Amino acid sequence: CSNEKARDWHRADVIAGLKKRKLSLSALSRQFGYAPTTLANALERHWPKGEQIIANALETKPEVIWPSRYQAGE
């Protein structure tokens, strides 16, 4: 039913996968300053700079957590 578990990392695939080490959206949020609401709703509002915050934690690219959304893009 639409929802959001399409091709992107499920809501738990994001935190479960990241937190698999020692990360939590509440920590990445206050670590830069943006309140938790910003980072949270950063999963739907067009704002790839907030995705860099999360991907920055895995030292990877946001294109890895949202594949079917980009296309060979950099």
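Computed from the coordinates by the stated procedures, all read-outs in this text should not be read as laboratory data. Quick reminder, even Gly has a Cβ in these numbers, built from the backbone with ideal geometry, and neighbours come from all protein chains shown.
Scanning segment 25-40 for residues that are of a type in the set (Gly, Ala, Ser) and surrounded by 11 or more Cβ atoms within 10 Å (Cβ to Cβ) yields a count of 4. Restricting attention to segment 8-41, the residues that are within 19 Å of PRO67 (Cα to Cα), part of a loop (DSSP other than H, G, I, E, B) and either touching a residue at least 12 places away in the same chain (Cβ under 8 Å) or more than 12 Å from the chain's Cα centre (by Cα) (or both) add up to 2.
The set of residues from segment 42-68 being of a type in the set (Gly, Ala, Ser) and not in a loop (DSSP other than H, G, I, E, B) comprises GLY50, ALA55, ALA57. Using the structure shown, decide if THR60 is of a type in the set (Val, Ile, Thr), without any contact (Cβ under 8 Å) to a residue 24 or more places away in the chain and over 24 Å from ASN3 (Cβ atoms). When the stated conditions are applied, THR60 passes them.
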